[PDB]
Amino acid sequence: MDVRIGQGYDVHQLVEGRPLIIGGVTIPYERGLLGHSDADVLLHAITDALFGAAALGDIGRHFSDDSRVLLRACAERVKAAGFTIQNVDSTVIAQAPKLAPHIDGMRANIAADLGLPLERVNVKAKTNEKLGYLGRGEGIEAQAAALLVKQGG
């Protein structure tokens, strides 16, 4: 099986009175994520990891001027280039709020959008131990990893 690795990264600034959306889950919080989209740091990092495993460039090469629509269009472009998806793993870095009670909603959103069962989608949460702009609550980071297979039939 012609297996391929992808990896992806995003970051957004956190600012007062904007909504916090992560992995398509809205998380009540007094700060929220600034970007030209709905600033979904997790879905973008996964969208990059899929384009990267497929050697299709990056989101910018695709989408310029919400984040689930983008994730689904990514999956459709990846499938048309002849790949099927093995699994996704990811980490979100946020000093707060606590993300654990939200993670299952994120997994559901990502699995629907990629046409995968739940068991092939993982999301992990981490603080940054109060270090740097992440640990000071000024930004949130996501990292993703994805495994594809180029068919192959």
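One rule holds for the numbers: they count along the sequence shown, beginning at 1.
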### Message
Can you tell me how many deposited residues have no coordinates between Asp65 and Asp66? The categories are none, 1 to 3, 4 to 9, and 10 or more.
### Response
4 to 9
### Task
Determine, for stretches 47-55 and 29-37, which one has the higher mean CA B-factor as deposited.
29-37
### Query
Looking only at CA atoms, which has the higher mean B factor in the entry: 134-142 or 12-20?
12-20
### Task
Compare the C-alpha B factor of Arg120 with those of the other modelled residues in its chain, then answer lowest, middle or highest third.
middle
### Task
Select lowest, middle or highest to describe the third in which the CA B-factor of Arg107 falls within its chain in this entry.
middle
